[PDB]
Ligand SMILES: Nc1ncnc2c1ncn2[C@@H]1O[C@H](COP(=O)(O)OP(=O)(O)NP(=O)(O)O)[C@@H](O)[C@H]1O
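Quick setup: one chain, the form deposited without the named molecule, written in structure tokens, and binding and motion questions come after.
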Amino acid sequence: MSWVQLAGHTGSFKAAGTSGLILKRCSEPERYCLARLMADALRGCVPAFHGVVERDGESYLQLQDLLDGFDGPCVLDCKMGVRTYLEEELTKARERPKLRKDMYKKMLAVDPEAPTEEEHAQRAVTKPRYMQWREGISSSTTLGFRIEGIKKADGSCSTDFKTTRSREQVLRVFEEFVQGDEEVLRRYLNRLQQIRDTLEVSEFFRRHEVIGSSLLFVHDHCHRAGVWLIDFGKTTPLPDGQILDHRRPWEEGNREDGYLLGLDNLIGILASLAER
């Protein structure tokens, strides 16, 4: 499993010809973001982006293989933000819902009372409604991030974090993730602190709604730890000059992603975790 594969993406991910690279199905928001990020304070905080290549009539982001320097990577994909869908997707869901049966059924199996009577009748919900529900049953709403997935060095993968919500549950996931590796945790924390600092000055970050992106925590048994922001497929610029502080609550209209609330909390949780 490659890190794009681990961010739970396409089935398009592929090795490039060049060692230490990784092809991700190109998406325009992401290419744009990565390009900006390469010229941003956050350049170091995101996989190197080497541009786009064509293979098989499809465009791929040539990304640093974030896993490449790691020897048996443990990977945790942490979706950042109190909100995990664009406001534009919420708007589109109201205007023109694409009803998702699969997502309904996922809600219905998890919390049969969660779908409204109408959703029950449709056997389908909109993705944003699914995502909002996902945010509320996970830590996204309250903490501004959530664990999506873990790949362990043992090859195992889990995405079973959907109802990981409380600060402790999250802490526990991270605790299990880092497997007592204090160095990794410290590195993670240092990295996050640094990422936060970078975020807080990043021109890109202040100008973009960063939704659906993840912090990809990678470490290995050699205690290499990295964190990178990845998955900028839903990171989109704010209207000219408009900025987000990325902390204040999302209130439809303000495009606030709570990214930094998430990162604040994540840091807090990791910091709490480091002190256990």
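The first residue of the shown sequence is 1; numbering continues from there.
We do not show the form solved in complex with the named molecule, though everything after this point is about it.
Student: Kindly check, after superposition on the C-alphas around the site, whether the named molecule taken in the deposited complex would be blocked here (3 or more of its atoms within 2.4 Å of a backbone or C-beta atom) or open?
Tutor: After superposition, the named molecule runs into the main chain and C-betas, so blocked.
Student: Answer yes or no: in the deposited complex, does the named molecule come within 4.5 Å of a heavy atom in every one of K24, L63 and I230?
Tutor: The answer is yes; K24, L63 and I230 each reach the named molecule.
Student: Would you mind picking the one in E87, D181, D77, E119 that has a heavy atom within 4.5 Å of the named molecule in the deposited complex?
Tutor: Going through each option in turn, the one that passes is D77.
Student: Under a 4.5 angstroms heavy atom criterion, identify the one residue in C33, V210, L216, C45 near the named molecule in the deposited complex.
Tutor: If I apply the 4.5 Å criterion carefully, the residue I get is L216.
Student: Give a yes or no for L37: in the deposited complex, does one of its heavy atoms lie within 4.5 Å of a heavy atom belonging to the named molecule?
Tutor: So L37 does not count as contacting the named molecule.
Student: Can you work out whether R187 and the named molecule are in contact in the deposited complex, taking contact to mean some heavy atom pair no more than 4.5 Å apart?
Tutor: Contact check for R187: no, nothing within 4.5 Å of the named molecule in the deposited complex.
Student: Taking heavy atoms only, is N254 within 4.5 angstroms of the named molecule in the deposited complex?
Tutor: Contact check for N254: no, nothing within 4.5 Å of the named molecule in the deposited complex.
Student: So, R165 and the named molecule: in the deposited complex, are they within 4.5 Å at any heavy atom pair?
Tutor: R165: no contact with the named molecule in the deposited complex.
Student: Select, from the options 219-227, 64-72, 49-57, 244-252, the stretch whose residues sit within 4.5 angstroms of the named molecule in the deposited complex by heavy atom distance.
Tutor: Selected range: 64-72.
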